[PDB]
$ cat data.pdb   # PDB, C-alpha atoms
ATOM      1  CA  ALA A   4     131.527  23.977  65.286
ATOM      2  CA  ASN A   5     128.344  25.958  65.862
ATOM      3  CA  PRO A   6     125.925  24.742  63.194
ATOM      4  CA  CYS A   7     123.752  27.811  63.841
ATOM      5  CA  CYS A   8     126.434  30.396  63.092
ATOM      6  CA  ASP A   9     128.726  31.084  60.128
ATOM      7  CA  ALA A  10     131.766  32.327  62.031
ATOM      8  CA  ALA A  11     133.387  33.763  58.867
ATOM      9  CA  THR A  12     130.532  36.269  58.344
ATOM     10  CA  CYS A  13     129.075  36.325  61.888
ATOM     11  CA  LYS A  14     125.657  35.594  60.352
ATOM     12  CA  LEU A  15     123.211  32.875  61.324
ATOM     13  CA  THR A  16     123.279  29.886  59.018
ATOM     14  CA  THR A  17     120.412  29.312  56.564
ATOM     15  CA  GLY A  18     117.275  28.166  58.392
ATOM     16  CA  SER A  19     118.527  29.319  61.805
ATOM     17  CA  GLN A  20     116.499  31.533  64.117
ATOM     18  CA  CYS A  21     119.114  31.684  66.868
ATOM     19  CA  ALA A  22     122.697  30.681  67.695
ATOM     20  CA  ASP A  23     122.691  30.413  71.492
ATOM     21  CA  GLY A  24     120.450  30.999  74.487
ATOM     22  CA  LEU A  25     118.276  29.145  76.972
ATOM     23  CA  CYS A  26     115.354  29.448  74.566
ATOM     24  CA  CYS A  27     117.306  28.160  71.544
ATOM     25  CA  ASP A  28     117.283  24.444  70.601
ATOM     26  CA  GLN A  29     119.032  23.211  67.469
ATOM     27  CA  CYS A  30     119.094  26.803  66.096
ATOM     28  CA  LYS A  31     115.304  27.295  66.519
ATOM     29  CA  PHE A  32     113.245  29.186  69.127
ATOM     30  CA  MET A  33     111.637  27.096  71.843
ATOM     31  CA  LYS A  34     107.893  27.667  72.083
ATOM     32  CA  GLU A  35     106.306  30.377  74.224
ATOM     33  CA  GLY A  36     105.687  29.056  77.768
ATOM     34  CA  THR A  37     108.666  26.656  77.769
ATOM     35  CA  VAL A  38     110.325  26.993  81.167
ATOM     36  CA  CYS A  39     113.800  28.327  80.543
ATOM     37  CA  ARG A  40     114.983  28.924  84.132
ATOM     38  CA  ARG A  41     114.022  26.956  87.227
ATOM     39  CA  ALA A  42     114.290  29.543  90.016
ATOM     40  CA  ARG A  43     117.115  28.763  92.483
ATOM     41  CA  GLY A  44     115.650  31.052  95.160
ATOM     42  CA  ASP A  45     112.242  32.498  95.938
ATOM     43  CA  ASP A  46     111.438  34.103  92.557
ATOM     44  CA  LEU A  47     109.155  32.573  89.887
ATOM     45  CA  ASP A  48     110.465  30.413  87.080
ATOM     46  CA  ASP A  49     111.213  32.234  83.828
ATOM     47  CA  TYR A  50     109.669  31.399  80.456
ATOM     48  CA  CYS A  51     110.518  31.588  76.764
ATOM     49  CA  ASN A  52     108.461  34.035  74.806
ATOM     50  CA  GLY A  53     108.501  32.078  71.512
ATOM     51  CA  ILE A  54     110.240  34.752  69.413
ATOM     52  CA  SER A  55     113.592  35.303  71.078
ATOM     53  CA  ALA A  56     116.504  33.112  72.143
ATOM     54  CA  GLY A  57     117.028  34.672  75.582
ATOM     55  CA  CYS A  58     115.422  33.833  78.905
ATOM     56  CA  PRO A  59     113.824  37.033  80.258
ATOM     57  CA  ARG A  60     113.218  37.557  83.976
ATOM     58  CA  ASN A  61     109.543  36.827  84.795
ATOM     59  CA  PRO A  62     107.714  40.181  85.161
TER      60      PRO A  62
ATOM     61  CA  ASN B   5     137.389  34.420  63.001
ATOM     62  CA  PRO B   6     138.808  36.741  65.652
ATOM     63  CA  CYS B   7     135.974  39.181  64.836
ATOM     64  CA  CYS B   8     133.123  36.792  65.645
ATOM     65  CA  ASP B   9     132.125  34.762  68.719
ATOM     66  CA  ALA B  10     131.092  31.467  67.061
ATOM     67  CA  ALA B  11     129.116  30.500  70.218
ATOM     68  CA  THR B  12     126.765  33.514  70.074
ATOM     69  CA  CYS B  13     127.202  34.802  66.474
ATOM     70  CA  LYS B  14     127.931  38.236  67.938
ATOM     71  CA  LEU B  15     130.906  40.442  67.094
ATOM     72  CA  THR B  16     133.712  40.072  69.645
ATOM     73  CA  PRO B  17     134.379  42.997  71.973
ATOM     74  CA  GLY B  18     136.128  45.846  70.141
ATOM     75  CA  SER B  19     135.031  44.456  66.761
ATOM     76  CA  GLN B  20     133.066  46.676  64.401
ATOM     77  CA  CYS B  21     132.763  44.250  61.485
ATOM     78  CA  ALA B  22     133.441  40.596  60.692
ATOM     79  CA  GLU B  23     134.174  40.789  56.939
ATOM     80  CA  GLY B  24     134.141  43.246  54.005
ATOM     81  CA  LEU B  25     136.442  45.231  51.760
ATOM     82  CA  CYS B  26     136.107  48.091  54.239
ATOM     83  CA  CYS B  27     136.889  45.852  57.234
ATOM     84  CA  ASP B  28     140.478  45.414  58.425
ATOM     85  CA  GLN B  29     141.314  43.319  61.493
ATOM     86  CA  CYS B  30     137.655  43.570  62.664
ATOM     87  CA  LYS B  31     137.660  47.401  62.441
ATOM     88  CA  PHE B  32     136.098  49.833  59.955
ATOM     89  CA  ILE B  33     138.485  51.162  57.356
ATOM     90  CA  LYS B  34     138.676  54.976  57.333
ATOM     91  CA  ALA B  35     136.167  57.070  55.423
ATOM     92  CA  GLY B  36     137.423  57.895  51.919
ATOM     93  CA  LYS B  37     139.597  54.851  51.217
ATOM     94  CA  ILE B  38     139.013  53.665  47.623
ATOM     95  CA  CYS B  39     137.691  50.114  47.975
ATOM     96  CA  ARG B  40     136.434  49.376  44.443
ATOM     97  CA  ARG B  41     137.433  50.802  41.084
ATOM     98  CA  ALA B  42     134.555  51.810  38.782
ATOM     99  CA  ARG B  43     134.352  49.756  35.579
ATOM    100  CA  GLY B  44     132.248  52.360  33.768
ATOM    101  CA  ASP B  45     131.861  56.131  33.626
ATOM    102  CA  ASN B  46     131.410  56.544  37.380
ATOM    103  CA  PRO B  47     133.582  57.728  40.234
ATOM    104  CA  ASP B  48     135.386  55.079  42.250
ATOM    105  CA  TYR B  49     133.736  53.614  45.402
ATOM    106  CA  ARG B  50     134.990  54.531  48.865
ATOM    107  CA  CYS B  51     134.596  53.267  52.442
ATOM    108  CA  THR B  52     132.137  55.265  54.559
ATOM    109  CA  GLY B  53     134.107  54.927  57.844
ATOM    110  CA  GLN B  54     130.960  53.456  59.399
ATOM    111  CA  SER B  55     130.521  50.106  57.701
ATOM    112  CA  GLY B  56     132.698  47.159  56.672
ATOM    113  CA  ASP B  57     130.855  47.053  53.335
ATOM    114  CA  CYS B  58     132.318  48.816  50.298
ATOM    115  CA  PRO B  59     129.582  50.686  48.275
ATOM    116  CA  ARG B  60     128.550  48.949  45.031
ATOM    117  CA  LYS B  61     126.532  51.680  43.281
ATOM    118  CA  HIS B  62     126.199  55.451  43.570
ATOM    119  CA  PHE B  63     122.793  56.655  44.733
TER     120      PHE B  63
END
$ encode --input "data.pdb" --output "structure tokens"
Amino acid sequence: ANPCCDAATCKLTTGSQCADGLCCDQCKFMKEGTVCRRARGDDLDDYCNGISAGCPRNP
Amino acid sequence: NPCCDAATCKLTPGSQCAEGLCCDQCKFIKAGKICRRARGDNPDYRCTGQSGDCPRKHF
């Protein structure tokens, strides 16, 4: 089961903002400035942008 | 649903559609196929070749 996704239609379920992703929690976007990746090398940590489910590489 | 990745709510690779009268095994049905018979004084409705959705009304 993915509660965020209707697999029959490949549409998000009612109320859902996202189905998957480091910035998705219980089908909702995590807030802008949430750390979504703790850098494993020398780069900066990456952050959620509030409006997308992905974890973009820090500019 | 072989057409949908339930984890991500994205279409699976090779899949063009997840459902619809003009969707067959995750692929678009060919342009021209009659997909709905008109009930009134209208021509029949036909797949576009570019969507899984059968038209419902003539523009």
$ interface_residues --input "data.pdb" --of "chain A" --to "chain B" --cutoff "10 Å" --atoms "only C-alpha atoms" --output "ChimeraX atom specification"
/A:4-16,21-24
$ closest_residue --input "data.pdb" --among "A:18, A:62, A:44, A:57" --to "residue 30 (chain A)" --atoms "all atoms listed in the file"
A:18
$ atom_distance --input "data.pdb" --atom1 "CA of residue 52 (chain B)" --atom2 "CA of residue 35 (chain B)"
4.5 Å
$ residues_around --input "data.pdb" --residues "region 36-50 of chain B" --least-positions-apart "6" --cutoff "9 Å" --atoms "all atoms listed in the file" --output "ChimeraX atom specification"
/B:25-26,58-62
$ resolve_selection --input "data.pdb" --expression "the PyMOL selection byres ((chain A and resi 54) around 10)" --output "list in words"
residues 20, 21, 26, 27, 31, 32, 33, 34, 35, 51, 52, 53, 55, 56 and 57 of chain A
$ atom_distance --input "data.pdb" --atom1 "CA of residue 57 (chain B)" --atom2 "CA of residue 18 (chain B)"
17.7 Å
$ atom_distance --input "data.pdb" --atom1 "CA of residue 58 (chain A)" --atom2 "CA of residue 40 (chain A)"
7.2 Å
$ resolve_selection --input "data.pdb" --expression "the PyMOL selection byres ((chain A and resi 48) around 12)" --output "ChimeraX atom specification"
/A:36-47,49-51,58-62
